[PDB]
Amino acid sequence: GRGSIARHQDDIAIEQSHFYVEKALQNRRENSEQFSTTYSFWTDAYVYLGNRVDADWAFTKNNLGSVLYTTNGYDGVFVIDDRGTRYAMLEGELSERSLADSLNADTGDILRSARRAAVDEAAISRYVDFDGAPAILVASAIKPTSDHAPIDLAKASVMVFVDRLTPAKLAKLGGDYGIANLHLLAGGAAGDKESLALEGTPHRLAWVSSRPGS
């Protein structure tokens, strides 16, 4: 036997808490990537949101409309292409504010990455500063299903879902994963709290280290 390594119970609790905050975020992102490909790998979406955007089909007829906010919690829903933002829904209402104006991240990178990932039937996800708030962004190319003739993914439009990590959403997420008082770290010092970075943003999530799930 090499011998055991005994650990401080607080160190174990802190390690578990970081593990479960990371898993909460990863699981949220993977669920949202699946949601995005559900809405974007869809022949109807390719017809009505590829090329010219039919806001009547998307918003008035509720095919990509306010429910995505009032039920699914996507504070931002966008269709973008090489010219920029072609459709914008902010908090369930039509908006003229472009995705690029709302984000710290480069939207051309989002467009290109979503186009490439669509080759593997995949979406992309990342963290962003959405108008000064932490958010998870997911994006996937708008393409028809396999019964349709093939298209060139290099020119496909891209659907974007922006999930702002509000105090209420963070508190529910923390409860979902047994984390005590998950919140956006206010100042620059965590002090008594543990914290992690939402990489690609200046935001950090912080929480009180207690025995998680107890």
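Sequential numbering from 1, following the sequence displayed.
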Stretch exceeding the other in mean C-alpha B-factor - 163-171, 185-193: 185-193
The stretch carrying the higher mean Cα B factor in the deposited entry, 175-183 or 27-35, is 175-183
So if I compare the CA B-factors in the entry for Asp44, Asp56, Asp152, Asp147, which one is the largest? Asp152
Given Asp129, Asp109, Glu91, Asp82, the residue at which the Cα B factor reaches its maximum: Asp82
How does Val21 rank on Cα B-factor within its chain, lowest, middle or highest third? lowest
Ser66: which third of its chain by C-alpha temperature factor? middle
Which third, lowest, middle or highest, does the C-alpha temperature factor of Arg116 belong to within its own chain? lowest
For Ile14, return the chain-relative third of its C-alpha B-factor as stated in the PDB record: lowest, middle or highest. highest
Ordered by C-alpha B-factor within the chain, which third holds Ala135? Give me lowest, middle or highest, please. lowest
